[PDB]
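Colleague: I am attaching a structure below and will ask some questions about it afterwards.
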Amino acid sequence: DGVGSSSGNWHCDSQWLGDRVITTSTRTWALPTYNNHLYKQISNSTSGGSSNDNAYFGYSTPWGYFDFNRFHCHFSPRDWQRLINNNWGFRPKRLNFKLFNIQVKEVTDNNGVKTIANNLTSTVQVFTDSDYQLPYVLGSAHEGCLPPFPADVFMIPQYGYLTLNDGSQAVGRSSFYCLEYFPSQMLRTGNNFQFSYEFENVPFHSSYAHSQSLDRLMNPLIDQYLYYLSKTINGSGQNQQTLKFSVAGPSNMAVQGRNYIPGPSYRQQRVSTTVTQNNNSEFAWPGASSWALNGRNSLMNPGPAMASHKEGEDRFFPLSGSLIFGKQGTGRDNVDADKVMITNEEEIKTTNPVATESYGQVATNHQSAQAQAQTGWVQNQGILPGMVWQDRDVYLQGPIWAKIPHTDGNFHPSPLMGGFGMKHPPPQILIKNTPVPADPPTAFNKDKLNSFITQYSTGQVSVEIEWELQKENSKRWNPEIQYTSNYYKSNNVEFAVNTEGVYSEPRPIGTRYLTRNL
Amino acid sequence: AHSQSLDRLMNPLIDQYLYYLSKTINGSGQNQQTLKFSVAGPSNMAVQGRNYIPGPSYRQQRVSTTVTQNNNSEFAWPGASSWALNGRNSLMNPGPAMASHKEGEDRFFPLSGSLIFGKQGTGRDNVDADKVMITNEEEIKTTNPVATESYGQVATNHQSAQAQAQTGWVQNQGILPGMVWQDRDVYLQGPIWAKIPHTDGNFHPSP
Amino acid sequence: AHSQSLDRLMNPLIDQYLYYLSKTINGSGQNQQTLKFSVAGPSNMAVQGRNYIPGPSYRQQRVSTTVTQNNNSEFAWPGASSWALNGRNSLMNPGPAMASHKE
Amino acid sequence: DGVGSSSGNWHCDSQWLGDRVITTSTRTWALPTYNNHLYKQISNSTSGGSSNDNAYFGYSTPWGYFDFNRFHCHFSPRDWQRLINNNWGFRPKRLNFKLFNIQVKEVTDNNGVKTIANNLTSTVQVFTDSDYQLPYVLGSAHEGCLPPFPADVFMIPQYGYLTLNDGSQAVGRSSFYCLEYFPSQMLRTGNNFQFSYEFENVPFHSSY
Amino acid sequence: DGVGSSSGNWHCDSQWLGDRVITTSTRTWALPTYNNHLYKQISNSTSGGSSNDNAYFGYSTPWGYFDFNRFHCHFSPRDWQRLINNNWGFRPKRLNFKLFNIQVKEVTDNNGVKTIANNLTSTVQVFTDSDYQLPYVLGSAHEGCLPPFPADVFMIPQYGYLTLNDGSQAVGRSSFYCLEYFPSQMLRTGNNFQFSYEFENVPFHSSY
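Heads up: the protein sequence lines correspond to chains P, B, D, V and G, in order. According to the entry's author numbering, the first sequence is numbered sequentially starting from 219. According to the entry's author numbering, the second sequence is numbered sequentially starting from 427. According to the entry's author numbering, the third sequence is numbered sequentially starting from 427. According to the entry's author numbering, the fourth sequence is numbered sequentially starting from 219. According to the entry's author numbering, the fifth sequence is numbered sequentially starting from 219.
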């Protein structure tokens with residue numbers, strides 16, 4: 219309530235209860251003044267003329283949103299280990315966002331060297347997007363989330379949305395949202411801000427790799443009465459055409475009545491990490507699989523949850539069907555293969571089909587006396603009755619939520635990049651420094667002022683997401699697979715800082731390590 | 427068994443206002459290309475606005491109980507329809523509920539898309555056709571598609587002034603919005619229940 | 427009518443950590459086959475991780491109101507898209523909700 | 219109540235009810251010191267000799283008035299669309315003027331480059347003209363109203379009235395109002411000011 | 219509770235009772251920012267290659283621990299004389315740690331000569347290690363304890379632990395503790411921190 223006190227206590231503990239884990243977090247933000255307090259618009263021609271596919275018309279507001287979407291914002295790697303090695307699933311229940319210890323510094327470059335003088339009276343304003351009236355930018359896997367290692371300082375991102383476009387031009391129904399319009403709360407040097415949100419009833423996330431291949435769901439000792447056609451040419455004669463049935467049994471496990479069939483598929487190109495086997499010709503974009511909307515092709519990235527590779531072929535991976543995180547200290551453009559982290563989806567090869575394999579043959583013509591039966595592969599297969607499948611994994615570096623588009627008809631709105639799909643995700647938290655004009659002229663001027671005091675702000679942030687957590691009771695006898703840290707000498711402990719002090723996450727941690735039978 | 431074929435859900439006395447494209451070449455001239463619409467009605471019941479469409483499909487080979495018509499070459503396994511999981515092909519047996527045969531063709535049946543029970547005192551391996559019981563699914567030919575017939579054509583290219591419109595058949599068709607279908611029959615010799623696999627996402631888990 | 431194209435649901439200022447395969451032939455050599463990833467970002471909006479994908483489809487013939495561009499040959503019934511039930515073809519009319527034309 | 223707190227929350231929402239629309243607004247002002255704190259008089263000869271028609275005798279007080287007369291101060295264009303497309307008429311009923319988060323900076327040009335150092339103790343004073351004793355300058359379509367787009371900063375106008383004149387000279391009944399005379403309220407770095415006004419029973423404006 | 223007040227009174231008396239001696243103490247600390255707020259690791263090769271015996275792998279956290287382990291922190295030599303000349307033994311029962319009058323200065327070397335300008339809004343954070351989850355570095359006879367003569371100013375030490383090692387390399391079970399993880403309490407210019415601890419039933423120390 220005053221400039222000589224703190225508005226909150228740094229809180230960063232991670233409690234554990236019988237079936238709920240509360241994971242508080244806190245980082246030190248530093249928000250500059252974006253776009254010099256102007257609502258510029260951005261188009262592809264403005265940012266350099268590009269192809270029709272990479273066309274976008276949108277505005278770049280001066281506000282910055284607080285991003286705490288990625289998992290590693292909340293879960294320290296040990297806590298993530300405790301959550302993946304011991305639980306069949308988890309889901310978030312509520313959060314408690316706090317923002318305190320606001321400092322508003324003023325940077326003056328009037329002298330030769332800038333001096334960061336404090337500014338007690340200046341105000342920085344925040345507001346939740348409680349009704350989701352603005353476009354949603356979280357959940358689209360945008361960098362700038364809360365940094366993983368608490369002892370570092372992160373810069374607040376910048377909030378710029380996109381609307382309808384026609385090339386570089388805007389259709390007249392391209393609504394332009396103004397952020398000053400929303401009722402914002404102004405915060406001084408000693409104020410603080412807090413809102414409590416309750417998560418929607420999102421279903422439990424799967425955290426178990428199935429230990430029973432779907433096409434092996436049956437016991438191998440008793441043969442079902444469902445016969446099956448076995449022979450059609452009972453020999454080699456010119457006119458030998460009979461119909462010999464036979465009982466389907468464990469001797470021939472493949473062809474036999476199965477209640478359920480594997481999930482949907484969308485064929486993806488086969489690209490191998492061993493650079494020798496890949497085709498010499500360039501096939502990054504031209505060979506990939508894309509869906510066309512409004513006449514502009516856009517890459518799948520990553521499509522419905524599928525299996526990265528069949529058993530025993532680790533070197534492969536779908537071209538654009540797997541999340542590919544970047545290692546610490548990795549460049550932006552044209553980074554070699556070894557400096558980028560590829561996530562394989564071999565945990566759900568049991569149920570879902572193989573991402574780089576045709577779903578299966580379907581007979582086209584008629585097995586007539588004059589035309590041989592013909593089978594054409596199914597490259598893509600929409601969902602069918604009786605079809606079961608498992609959604610994509612979430613990784614410690616992966617996202618949590620994503621706002622389901624507010625459309626009439628959607629099917630299984632689990633976001634494709636992995637996570638939880640909610641109609642009302644946790645709202646955005648937009649923050650901007652209230653502009654303070656420097657020295658207006660002593661004569662009137664019917665014009666908006668264009669000389670502001672160069673300033674920024676800094677403080678803390680706190681997020682307390684409480685996760686529901688479903689314990690496991692399985693009668694697996696042999697030791698179930700669990701995630702562990704290799705006990706081999708190395709120059710650096712994994713998930714810990716090196717000599718320079720940069721926090722490096724060496725590998726992505728999927729949350730499918732336990733087992734649960736079909 | 428539904429007593430009203432899905433593509434005949436409409437009364438045959440009143441024609442709906444939904445027009446439909448009827449003629450494109452209004453004659454035989456080299457450069458005669460017009461667009462003549464016409465009202466869809468009971469005179470032409472086929473092409474007319476329909477709210478709902480028949481259920482999913484997975485094309486199955488056409489094998490006939492009359493042993494003469496079947497192809498001489500062996501096609502039991504190589505010609506059948508299978509789904510690949512973990513790199514090992516496995517026969518469908520019997521796939522989503524479909525219609526064993528169109529009206530009037532009882533001798534046919536999908537190769538591996540119908541429960542085939544065994545009669546009393548039937549051997550295990552290489553049993554002739556007459557000693558094994560085949561279940562036909564002609565009870566749901568109204569709603570579900572025909573198991574041994576392509577779901578339907580879909581236009582691929584553009585009906586341009588230089589390229590003729592082309593239609594390629596749909597061998598397999600995942601479910602679409604507005605699609606209705608009927609599940610498989612249960613028989614006195616058939617099963618009752620089946621444990622739904624404990625996976626995150628399944629659709630209509632009727633075994 | 428939705429004012430946000432589904433393939434443009436993301437903000438154009440921050441690039442997601444989801445990489446994507448970018449180059450396979452890193453030049454023009456006979457035996458040059460590498461795997462160069464790159465970060466997906468607003469510079470290349472198309473190929474990038476998207477949670478949701480557009481709805482179902484059933485390809486329909488392209489017929490133009492300008493009578494000149496349409497094919498000379500008759501294609502009203504023979505070229506249309508129909509679903510077969512009980513062995514009798516019947517026209518779609520109008521099929522699942524789709525977009526009549528691109529922008 | 220202190221220099222380490224805010225005197226108000228930025229409020230700019232525009233609610234809608236069954237038959238009343240409440241249109242709050244907010245902008246960031248920046249008021250300099252006019253006329254070096256002197257009550258100069260202005261005449262046409264002072265501002266360059268002109269014709270008889272363009273003759274005026276008046277004083278240019280150092281005070282600045284808050285102008286929120288133009289419509290676009292309150293109604294965002296979408297809100298104006300909702301009000302013209304759906305209503306036969308409208309009339310204002312009451313307002314609630316607030317003024318908060320006062321900062322009083324001090325600009326010193328003693329150095330070569332001016333440095334805007336903060337000034338905690340300085341006071342800026344406001345007062346409503348509740349009895350309309352001063353000449354009325356709003357409502358004559360003068361620029362300087364609240365700017366339309368909220369995210370910009372506007373400069374407070376300057377208050378200078380006009381009285382009776384004869385050419386460039388003043389008839390002896392040309393009353394000279396002094397603004398120090400009115401009971402003003404002084405505001406420090408952490409104070410705030412607020413007055414609630416009720417509109418007269420003005421008839422409905424035609425919107426058809 | 220404000221920047222214009224003190225958060226505690228300098229207390230340094232040493233009372234004496236029938237059979238309990240209470241020895242309060244107080245010194246003026248001065249804590250810099252260590253390792254530029256980074257969690258570097260340190261190995262013998264990093265600090266110059268040495269023999270196998272002098273091998274160590276550990277991290278040098280930016281936190282500083284308060285050390286009051288040595289006796290002369292508490293007992294003035296006269297008090298120590300009164301305690302050794304008259305008592306067969308002693309043992310500690312409880313302590314009451316206080317930390318007040320926090321000042322957070324900002325050193326700027328932008329000019330040629332550094333100027334130590336005060337910084338009212340900055341925060342310095344403390345927390346007790348109540349559950350002993352971190353490695354224990356006190357009690358190993360490390361310098362930097364509270365200085366003996368009260369009228370001097372001591373610099374807070376730096377907290378860096380050691381874990382398992384193999385030469386200069388770390389076995390995979392070499393847990394790396396991060397100090398941001400513990401629930402810390404943030405203190406402004408006018409706040410203060412205090413925790414009361416009770417000593418275990420340690421047996422009487424021989425003094426004979």
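Don't be surprised by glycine CBs; every beta carbon is placed ideally from N, CA and C.
1. In chain D, what lies closer than 7 Å to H428/P by C-beta?
2. Nearest to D327/V by alpha carbon, out of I671/P, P697/P and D657/P?
3. With a threshold of 7 Å on Cβ separation, who are the neighbours of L736/P within its own chain once the five nearest residues in sequence on each side are excluded?
4. Using a beta-carbon distance below 8 Å, is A523/D in contact with chain B?
5. Here's the rule: buried if 16 or more other CB atoms are within 10 angstroms of the residue's CB, otherwise exposed. What is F318/V?
6. Step through the CB atoms of chain P and report whether any lies within less than 8 Å of the CB of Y252/V.
7. Does any C-beta atom of chain B lie closer than 8 Å to the C-beta of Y577/P?
8. Cβ atoms of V221/V and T341/V: under 8 Å apart, would you say?
9. Sort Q343/V, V325/V and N329/V by Cα distance to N337/V and report the nearest one.
10. Kindly indicate the opening and closing residues of the beta strand (DSSP E) around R514/P.
11. So, does the region 381-397 of chain G touch the region 258-278 of chain G, judging by three or more C-beta pairs under 8 Å?
12. Per DSSP, what kind of secondary structure is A581/B in: helix, strand or coil?
13. Would you please state the rounded distance, in angstroms, between the beta carbons of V322/G and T246/G? I believe it to be under 8 Å.
14. Enumerate in chain order the residues of its own chain whose CB-to-CB distance from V355/G is below 7 Å, with the five nearest sequence positions on each side excluded.
15. Spatial neighbours of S223/P within its chain, please: CB distance less than 7 Å, with the 5 preceding and 5 following residues excluded, ordered by chain position.
16. Can you name the residues that DSSP bridges to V679/P?
17. So what does DSSP say about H290/G, is it helix, strand or coil?
18. At a Cβ cut of 8 Å, what residues of the region 472-484 of chain D count as close to chain P, listed as they run along the chain?
19. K666/P versus chain V: which residues are under 7 Å apart at the beta carbon?
20. Residues of chain B with CB closer than 9 Å to the CB of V489/D, please, in chain order.
21. Assuming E563/B and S586/B make a contact with CB atoms under 8 Å, what is their CB distance in whole Å?
22. What are the complete beta strand (DSSP E) segments, minimum 3 residues, inside the region 299-339 of chain V?
23. Answer yes if the region 232-247 of chain P comes into contact with the region 687-703 of chain P, meaning at least three C-beta pairs across the two stretches below 8 Å, and no otherwise.
24. So, are the CB atoms of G600/B and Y478/B less than 8 Å apart?
25. Of all the beta strand (DSSP E) runs that stay within the bounds of the region 224-284 of chain V, which reach a length of 3 or more residues?
26. Among residues of its own chain, excluding the 5 on either side of residue 712/B, which ones have a beta-carbon nearer than 8 Å to its beta-carbon?
27. In angstroms with no decimal places, state the Cα-to-Cα distance between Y721/P and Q412/P.
28. Beta-carbon within less than 8 Å of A589/B's beta-carbon, same chain only, minus the 5 sequence neighbours each way: which residues are those?
29. Check whether the region 565-580 of chain P touches the region 479-499 of chain P, taking contact to mean three or more Cβ pairs, one atom from each stretch, closer than 8 Å.
30. To the nearest angstrom, how far is the alpha carbon of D285/G from that of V331/P?
31. Out of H290/V, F308/V, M373/V and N410/V, state which residue places its alpha-carbon closest to the alpha-carbon of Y252/V.
32. Reducing DSSP to helix, strand and coil, say where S708/P ends up.
33. Mind listing, in chain order, the continuous beta strand (DSSP E) runs of no fewer than 3 residues lying wholly within the region 601-656 of chain P?
34. Which residues of the region 710-729 of chain P have a Cβ closer than 9 Å to any Cβ of chain G? Give them in chain order.
35. Let me confirm a value: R309/G is counted as buried when at least 16 other C-beta atoms fall within 10 Å, else exposed. Which label applies?
36. Just to make sure I have the definition right: I need the residues of chain B whose C-beta is within less than 9 Å of the C-beta of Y377/P. Which are they?
Modeller: Looking at the coordinates:
1. Residue 428/P sits at position 210 when you count from the first residue of the first sequence. Ordered by position in chain D, no residue passes the 7 Å Cβ test against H428/P, which lies about 23 Å from the chain.
2. One-based indexing of the fourth sequence puts residue 327/V at position 109. With distances taken between Cα atoms, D327/V lies closest to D657/P.
3. Here residue 736/P corresponds to residue number 518 of the first sequence, with the count starting at 1. Counting only residues of its own chain and dropping the five nearest sequence neighbours on each side, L736/P has a CB closer than 7 Å to the CB of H428, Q430, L432 and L435.
4. For the purposes of this step, residue 523/D is taken as residue 97 along the third sequence, with counting starting at 1. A523/D counts as touching chain B.
5. Reading the fourth sequence from its first residue, position 100 is the one you call residue 318/V. Buried, because 16 or more other Cβ atoms sit within 10 Å of the Cβ of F318/V.
6. Numbered from 1 along the fourth sequence, position 34 holds the residue referred to as residue 252/V. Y252/V counts as touching chain P.
7. If you number the first sequence from 1, residue 577/P lands on position 359. Yes, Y577/P lies at the interface with chain B (some Cβ there is under 8 Å from its Cβ).
8. Within the fourth sequence, residue 341/V is the residue found at index 123, counting from 1. Within the fourth sequence, residue 221/V is the residue found at index 3, counting from 1. No.
9. Looking up residue 337/V in the fourth sequence gives position 119. With distances taken between Cα atoms, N337/V lies closest to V325/V.
10. Numbered from 1 along the first sequence, position 296 holds the residue referred to as residue 514/P. Its beta strand (DSSP E) spans residues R514 to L517.
11. yes
12. Here residue 581/B refers to the residue found at position 155 of the second sequence. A581/B falls in the strand class under three-state DSSP.
13. Within the fifth sequence, numbered from 1, the residue matching residue 322/G stands at position 104. Within the fifth sequence, numbered from 1, the residue matching residue 246/G stands at position 28. At roughly 14 Å, the Cβ-Cβ gap does not stay under 8 Å, so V322/G and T246/G are not in contact.
14. Within the fifth sequence, the letter at position 137 stands for residue 355/G. Cβ neighbours of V355/G within its own chain (closer than 7 Å, five residues either side excluded): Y283, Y377 and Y379.
15. Counted from its first residue, the first sequence places residue 223/P at position 5. Counting only Cβ-Cβ distances below 7 Å, and skipping sequence neighbours, we find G408.
16. Residue mapping note: residue 679/P aligns to position 461 of the first sequence, counting from 1. For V679/P, which the question treats as bridged, DSSP gives the partners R245/P.
17. Mapped onto the fifth sequence, residue 290/G falls at position 72. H290/G falls in the helix class under three-state DSSP.
18. Answer in chain order: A472, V473, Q474, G475, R476, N477, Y478, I479, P480, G481 and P482.
19. Taking the first sequence and counting its residues from 1, the one referred to as residue 666/P is at position 448. Under the 7 Å cutoff, chain V gives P365, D370, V371 and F372.
20. In the third sequence, counting from the first residue as 1, residue 489/D sits at position 63. Think of a sphere of 9 Å around the beta carbon of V489/D: the chain B residues whose beta carbon falls inside it are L447, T450, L461, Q585 and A591, in chain order.
21. Stepping through the second sequence from its first residue, residue 563/B is reached at position 137. Stepping through the second sequence from its first residue, residue 586/B is reached at position 160. Incorrect: roughly 42 Å between the Cβ atoms, too far for contact.
22. 312-317, 323-326 and 333-336
23. yes
24. As a working mapping, residue 600/B is identified with position 174 in the second sequence. As a working mapping, residue 478/B is identified with position 52 in the second sequence. No.
25. 232-234, 239-241, 246-248, 258-261 and 275-278
26. This structure gives no information on residue 712/B, because the portion of chain B shown stretches from 427 to 633.
27. As a working note, residue 721/P is residue 503 in the first sequence. As a working note, residue 412/P is residue 194 in the first sequence. Cα to Cα, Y721/P sits roughly 29 Å from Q412/P.
28. In the second sequence, residue 589/B corresponds to position 163, counting from 1. Closer than 8 Å at Cβ, skipping near neighbours: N583.
29. yes
30. For the purposes of this step, residue 285/G is taken as residue 67 along the fifth sequence, with counting starting at 1. For the purposes of this step, residue 331/P is taken as residue 113 along the first sequence, with counting starting at 1. Cα to Cα, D285/G sits roughly 39 Å from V331/P.
31. Along the fourth sequence, one-based indexing puts residue 252/V at 34. Of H290/V, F308/V, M373/V and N410/V, the residue nearest in Cα terms is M373/V.
32. Sequence index remark: in the first sequence, residue 708/P carries index 490 (1-based). Residue state, collapsed to three classes: strand.
33. If we require 3 residues or more, the beta strand (DSSP E) runs fully inside the region 601-656 of chain P come out as 605-607, 619-621, 638-640 and 647-651.
34. For the region 710-729 of chain P, which is checked against every Cβ of chain G, the residues closer than 9 Å are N710, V711, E712, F713, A714, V715, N716, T717, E718, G719, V720 and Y721.
35. Position 91 of the fifth sequence, counting from 1, holds the residue named residue 309/G. So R309/G ends up on the exposed side.
36. As a working mapping, residue 377/P is identified with position 159 in the first sequence. Chain B residues near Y377/P: none, gap ~33 Å exceeds 9 Å.
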